[PDB]
Amino acid sequence: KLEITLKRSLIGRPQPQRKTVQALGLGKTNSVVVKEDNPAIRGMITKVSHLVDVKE
RNA sequence: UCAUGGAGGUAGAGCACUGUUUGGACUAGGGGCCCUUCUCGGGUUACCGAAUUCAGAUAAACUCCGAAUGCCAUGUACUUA
Ligand SMILES: [Mg+2]
Ligand SMILES: [Mg+2]
């Protein structure tokens, strides 16, 4: 598993990034999510790594 | 989002066509000095010169090529509304 925290804002960020975030299950900043380590999920990571911190 | 399959001819690159073009080889032909002379045909001139050909450049309306992305979808994948 891995822990996904939303540290940057979505304001000024394109809707693809926003939708990736909402699909990860994130809302407000400094919000935490715990997910599996599927490559599907790692793709959402690698599309929004600039907004996110990942822990395992 | 991941995987998979696809249309598509952009960026770039390239010259395989089309145009634009540089240098060289080489020339139909035009101009002159003429030899002549029914100026017929030659000596021919680097004074030009269609084209042809070798190498090298160029292209929104050129393409032998050709991505990233984006798009169409499929899935049981994994989240989410
Ligand atoms: Mg170009
Ligand atoms: Mg073009």
# chains A, B, ... in the order shown; residues from 1 in each chain; ligands from 1

$ residues_near_ligand --ligand "ligand 2" --cutoff "8 Å" --atoms "only C-alpha atoms (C1' of nucleotides) and all ligand atoms" --output "number ranges by chain"
B: 59-60, 62

$ interface_residues --of "chain B" --to "chain A" --cutoff "7 Å" --atoms "only C-alpha atoms (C1' of nucleotides)" --output "PyMOL selection string"
chain B and resi 1-2+78-80

$ write_last_selection --atoms "C-alpha atoms (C1' of nucleotides)" --output "PDB file, in the first residue's frame"
ATOM      1  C1'   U B   1      -5.134   5.898 -14.847  1.00  0.00           C
ATOM      2  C1'   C B   2      -2.918   0.897 -16.561  1.00  0.00           C
ATOM      3  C1'   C B  78      -7.600  -0.234 -10.241  1.00  0.00           C
ATOM      4  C1'   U B  79      -9.713   3.859  -8.028  1.00  0.00           C
ATOM      5  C1'   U B  80     -13.578   7.629  -8.216  1.00  0.00           C
TER       6        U B  80
END

$ closest_atom_pairs --of "chain B" --to "ligand 1" --cutoff "9 Å" --atoms "only C-alpha atoms (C1' of nucleotides) and all ligand atoms" --output "JSON lines"
{"residue": "B:11", "atom": "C1'", "partner": "ligand 1", "partner_atom_place_in_ligand_line": "1 (Mg)", "distance": 6.9}
{"residue": "B:12", "atom": "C1'", "partner": "ligand 1", "partner_atom_place_in_ligand_line": "1 (Mg)", "distance": 6.3}
{"residue": "B:13", "atom": "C1'", "partner": "ligand 1", "partner_atom_place_in_ligand_line": "1 (Mg)", "distance": 8.1}
{"residue": "B:59", "atom": "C1'", "partner": "ligand 1", "partner_atom_place_in_ligand_line": "1 (Mg)", "distance": 8.5}

$ closest_residue --among "B:25, B:68, B:16, B:34" --to "residue B:52" --atoms "only C-alpha atoms (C1' of nucleotides)"
B:25

$ atom_distance --atom1 "atom CA of residue A:9" --atom2 "atom CA of residue A:51"
7.2 Å

$ decode --residues "stretch 42-62 of chain B" --atoms "N, CA and C atoms (P, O5', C5', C4', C3', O3' and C1' of nucleotides)" --output "PDB file, in the first residue's frame"
ATOM      1  P     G B  42      29.497  22.869 -90.112  1.00  0.00           P
ATOM      2  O5'   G B  42      30.980  22.598 -90.628  1.00  0.00           O
ATOM      3  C5'   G B  42      32.109  22.949 -89.834  1.00  0.00           C
ATOM      4  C4'   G B  42      33.191  23.602 -90.660  1.00  0.00           C
ATOM      5  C3'   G B  42      34.401  24.071 -89.868  1.00  0.00           C
ATOM      6  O3'   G B  42      35.570  24.000 -90.684  1.00  0.00           O
ATOM      7  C1'   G B  42      33.307  25.942 -90.825  1.00  0.00           C
ATOM      8  P     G B  43      37.006  23.697 -90.029  1.00  0.00           P
ATOM      9  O5'   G B  43      37.329  25.002 -89.172  1.00  0.00           O
ATOM     10  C5'   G B  43      37.270  24.983 -87.754  1.00  0.00           C
ATOM     11  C4'   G B  43      38.028  26.137 -87.149  1.00  0.00           C
ATOM     12  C3'   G B  43      37.686  26.469 -85.709  1.00  0.00           C
ATOM     13  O3'   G B  43      38.358  25.639 -84.775  1.00  0.00           O
ATOM     14  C1'   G B  43      37.708  28.455 -86.990  1.00  0.00           C
ATOM     15  P     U B  44      37.662  24.312 -84.187  1.00  0.00           P
ATOM     16  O5'   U B  44      36.816  24.824 -82.941  1.00  0.00           O
ATOM     17  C5'   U B  44      35.669  25.639 -83.132  1.00  0.00           C
ATOM     18  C4'   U B  44      36.022  27.103 -83.022  1.00  0.00           C
ATOM     19  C3'   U B  44      35.618  27.811 -81.742  1.00  0.00           C
ATOM     20  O3'   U B  44      36.601  27.606 -80.742  1.00  0.00           O
ATOM     21  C1'   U B  44      35.092  29.150 -83.658  1.00  0.00           C
ATOM     22  P     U B  45      36.409  28.139 -79.241  1.00  0.00           P
ATOM     23  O5'   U B  45      36.718  29.692 -79.355  1.00  0.00           O
ATOM     24  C5'   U B  45      36.868  30.483 -78.187  1.00  0.00           C
ATOM     25  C4'   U B  45      36.456  31.905 -78.438  1.00  0.00           C
ATOM     26  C3'   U B  45      35.834  32.611 -77.242  1.00  0.00           C
ATOM     27  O3'   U B  45      36.230  33.980 -77.207  1.00  0.00           O
ATOM     28  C1'   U B  45      34.262  32.510 -79.026  1.00  0.00           C
ATOM     29  P     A B  46      36.929  34.581 -75.890  1.00  0.00           P
ATOM     30  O5'   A B  46      35.961  34.143 -74.696  1.00  0.00           O
ATOM     31  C5'   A B  46      36.274  33.046 -73.843  1.00  0.00           C
ATOM     32  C4'   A B  46      35.017  32.350 -73.377  1.00  0.00           C
ATOM     33  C3'   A B  46      34.364  32.919 -72.132  1.00  0.00           C
ATOM     34  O3'   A B  46      33.591  34.067 -72.403  1.00  0.00           O
ATOM     35  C1'   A B  46      34.414  30.555 -71.999  1.00  0.00           C
ATOM     36  P     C B  47      34.176  35.531 -72.115  1.00  0.00           P
ATOM     37  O5'   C B  47      33.511  36.407 -73.265  1.00  0.00           O
ATOM     38  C5'   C B  47      32.820  37.604 -72.963  1.00  0.00           C
ATOM     39  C4'   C B  47      31.326  37.398 -72.931  1.00  0.00           C
ATOM     40  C3'   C B  47      30.792  36.154 -72.243  1.00  0.00           C
ATOM     41  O3'   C B  47      30.824  36.199 -70.829  1.00  0.00           O
ATOM     42  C1'   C B  47      29.590  36.547 -74.237  1.00  0.00           C
ATOM     43  P     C B  48      30.099  35.031 -69.995  1.00  0.00           P
ATOM     44  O5'   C B  48      28.546  35.381 -70.117  1.00  0.00           O
ATOM     45  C5'   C B  48      27.554  34.375 -69.990  1.00  0.00           C
ATOM     46  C4'   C B  48      26.310  34.708 -70.776  1.00  0.00           C
ATOM     47  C3'   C B  48      25.207  33.661 -70.730  1.00  0.00           C
ATOM     48  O3'   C B  48      24.399  33.756 -69.569  1.00  0.00           O
ATOM     49  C1'   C B  48      25.593  34.274 -72.972  1.00  0.00           C
ATOM     50  P     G B  49      23.944  32.423 -68.797  1.00  0.00           P
ATOM     51  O5'   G B  49      23.333  31.514 -69.949  1.00  0.00           O
ATOM     52  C5'   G B  49      22.085  31.825 -70.554  1.00  0.00           C
ATOM     53  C4'   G B  49      21.718  30.785 -71.574  1.00  0.00           C
ATOM     54  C3'   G B  49      21.768  29.348 -71.082  1.00  0.00           C
ATOM     55  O3'   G B  49      20.587  28.960 -70.404  1.00  0.00           O
ATOM     56  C1'   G B  49      22.958  29.517 -73.104  1.00  0.00           C
ATOM     57  P     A B  50      20.581  27.666 -69.445  1.00  0.00           P
ATOM     58  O5'   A B  50      19.212  26.928 -69.790  1.00  0.00           O
ATOM     59  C5'   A B  50      18.001  27.658 -69.922  1.00  0.00           C
ATOM     60  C4'   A B  50      17.138  27.091 -71.018  1.00  0.00           C
ATOM     61  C3'   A B  50      16.603  25.679 -70.793  1.00  0.00           C
ATOM     62  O3'   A B  50      15.398  25.673 -70.044  1.00  0.00           O
ATOM     63  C1'   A B  50      17.553  25.853 -72.969  1.00  0.00           C
ATOM     64  P     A B  51      15.381  25.351 -68.466  1.00  0.00           P
ATOM     65  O5'   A B  51      15.291  23.765 -68.396  1.00  0.00           O
ATOM     66  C5'   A B  51      16.462  22.966 -68.421  1.00  0.00           C
ATOM     67  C4'   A B  51      16.415  21.959 -69.538  1.00  0.00           C
ATOM     68  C3'   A B  51      17.045  20.618 -69.210  1.00  0.00           C
ATOM     69  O3'   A B  51      16.136  19.747 -68.564  1.00  0.00           O
ATOM     70  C1'   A B  51      17.936  21.418 -71.242  1.00  0.00           C
ATOM     71  P     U B  52      16.524  19.047 -67.173  1.00  0.00           P
ATOM     72  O5'   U B  52      17.552  17.910 -67.602  1.00  0.00           O
ATOM     73  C5'   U B  52      17.289  17.060 -68.709  1.00  0.00           C
ATOM     74  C4'   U B  52      18.505  16.257 -69.090  1.00  0.00           C
ATOM     75  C3'   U B  52      19.323  15.718 -67.929  1.00  0.00           C
ATOM     76  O3'   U B  52      18.804  14.503 -67.422  1.00  0.00           O
ATOM     77  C1'   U B  52      20.760  16.797 -69.454  1.00  0.00           C
ATOM     78  P     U B  53      18.666  14.284 -65.837  1.00  0.00           P
ATOM     79  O5'   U B  53      20.174  14.110 -65.343  1.00  0.00           O
ATOM     80  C5'   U B  53      20.970  13.044 -65.834  1.00  0.00           C
ATOM     81  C4'   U B  53      22.443  13.248 -65.565  1.00  0.00           C
ATOM     82  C3'   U B  53      22.850  13.422 -64.113  1.00  0.00           C
ATOM     83  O3'   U B  53      22.927  12.206 -63.396  1.00  0.00           O
ATOM     84  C1'   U B  53      23.950  15.034 -65.442  1.00  0.00           C
ATOM     85  P     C B  54      22.918  12.221 -61.793  1.00  0.00           P
ATOM     86  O5'   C B  54      24.324  12.857 -61.389  1.00  0.00           O
ATOM     87  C5'   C B  54      25.478  12.045 -61.248  1.00  0.00           C
ATOM     88  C4'   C B  54      26.579  12.730 -60.481  1.00  0.00           C
ATOM     89  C3'   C B  54      26.237  13.198 -59.079  1.00  0.00           C
ATOM     90  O3'   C B  54      26.270  12.166 -58.112  1.00  0.00           O
ATOM     91  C1'   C B  54      27.337  14.934 -60.220  1.00  0.00           C
ATOM     92  P     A B  55      25.364  12.283 -56.790  1.00  0.00           P
ATOM     93  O5'   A B  55      26.010  13.500 -55.987  1.00  0.00           O
ATOM     94  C5'   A B  55      27.298  13.367 -55.414  1.00  0.00           C
ATOM     95  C4'   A B  55      27.800  14.652 -54.811  1.00  0.00           C
ATOM     96  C3'   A B  55      26.933  15.294 -53.748  1.00  0.00           C
ATOM     97  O3'   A B  55      27.046  14.677 -52.477  1.00  0.00           O
ATOM     98  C1'   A B  55      27.647  16.942 -55.260  1.00  0.00           C
ATOM     99  P     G B  56      25.840  14.776 -51.421  1.00  0.00           P
ATOM    100  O5'   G B  56      25.651  16.340 -51.196  1.00  0.00           O
ATOM    101  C5'   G B  56      26.641  17.091 -50.512  1.00  0.00           C
ATOM    102  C4'   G B  56      26.317  18.565 -50.479  1.00  0.00           C
ATOM    103  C3'   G B  56      25.106  18.963 -49.662  1.00  0.00           C
ATOM    104  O3'   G B  56      25.386  19.020 -48.276  1.00  0.00           O
ATOM    105  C1'   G B  56      25.112  20.127 -51.726  1.00  0.00           C
ATOM    106  P     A B  57      24.202  19.245 -47.217  1.00  0.00           P
ATOM    107  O5'   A B  57      23.681  20.709 -47.526  1.00  0.00           O
ATOM    108  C5'   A B  57      22.312  20.904 -47.797  1.00  0.00           C
ATOM    109  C4'   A B  57      21.964  22.357 -47.992  1.00  0.00           C
ATOM    110  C3'   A B  57      20.553  22.747 -47.592  1.00  0.00           C
ATOM    111  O3'   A B  57      20.402  22.992 -46.212  1.00  0.00           O
ATOM    112  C1'   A B  57      20.991  23.570 -49.736  1.00  0.00           C
ATOM    113  P     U B  58      19.018  22.612 -45.508  1.00  0.00           P
ATOM    114  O5'   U B  58      17.931  23.362 -46.384  1.00  0.00           O
ATOM    115  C5'   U B  58      17.816  24.764 -46.294  1.00  0.00           C
ATOM    116  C4'   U B  58      16.627  25.303 -47.041  1.00  0.00           C
ATOM    117  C3'   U B  58      15.284  24.695 -46.729  1.00  0.00           C
ATOM    118  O3'   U B  58      14.751  25.093 -45.485  1.00  0.00           O
ATOM    119  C1'   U B  58      15.482  24.999 -49.041  1.00  0.00           C
ATOM    120  P     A B  59      13.727  24.128 -44.723  1.00  0.00           P
ATOM    121  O5'   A B  59      12.377  24.323 -45.523  1.00  0.00           O
ATOM    122  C5'   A B  59      11.787  25.601 -45.570  1.00  0.00           C
ATOM    123  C4'   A B  59      10.586  25.651 -46.479  1.00  0.00           C
ATOM    124  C3'   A B  59       9.462  24.679 -46.178  1.00  0.00           C
ATOM    125  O3'   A B  59       8.594  25.135 -45.161  1.00  0.00           O
ATOM    126  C1'   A B  59       9.937  24.662 -48.489  1.00  0.00           C
ATOM    127  P     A B  60       7.972  24.121 -44.085  1.00  0.00           P
ATOM    128  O5'   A B  60       6.416  24.247 -44.328  1.00  0.00           O
ATOM    129  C5'   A B  60       5.832  25.528 -44.412  1.00  0.00           C
ATOM    130  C4'   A B  60       4.336  25.463 -44.517  1.00  0.00           C
ATOM    131  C3'   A B  60       3.770  25.170 -45.888  1.00  0.00           C
ATOM    132  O3'   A B  60       3.808  23.796 -46.203  1.00  0.00           O
ATOM    133  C1'   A B  60       2.532  26.886 -44.825  1.00  0.00           C
ATOM    134  P     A B  61       4.267  23.311 -47.652  1.00  0.00           P
ATOM    135  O5'   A B  61       2.977  23.528 -48.543  1.00  0.00           O
ATOM    136  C5'   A B  61       1.853  22.680 -48.414  1.00  0.00           C
ATOM    137  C4'   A B  61       0.666  23.255 -49.126  1.00  0.00           C
ATOM    138  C3'   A B  61       0.883  23.563 -50.592  1.00  0.00           C
ATOM    139  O3'   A B  61       0.703  22.434 -51.429  1.00  0.00           O
ATOM    140  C1'   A B  61      -0.098  25.425 -49.528  1.00  0.00           C
ATOM    141  P     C B  62       1.639  22.189 -52.710  1.00  0.00           P
ATOM    142  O5'   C B  62       2.527  20.937 -52.299  1.00  0.00           O
ATOM    143  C5'   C B  62       3.695  21.087 -51.518  1.00  0.00           C
ATOM    144  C4'   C B  62       4.707  20.015 -51.812  1.00  0.00           C
ATOM    145  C3'   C B  62       4.578  18.727 -51.030  1.00  0.00           C
ATOM    146  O3'   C B  62       3.573  17.866 -51.523  1.00  0.00           O
ATOM    147  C1'   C B  62       6.836  19.384 -51.103  1.00  0.00           C
TER     148        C B  62
END
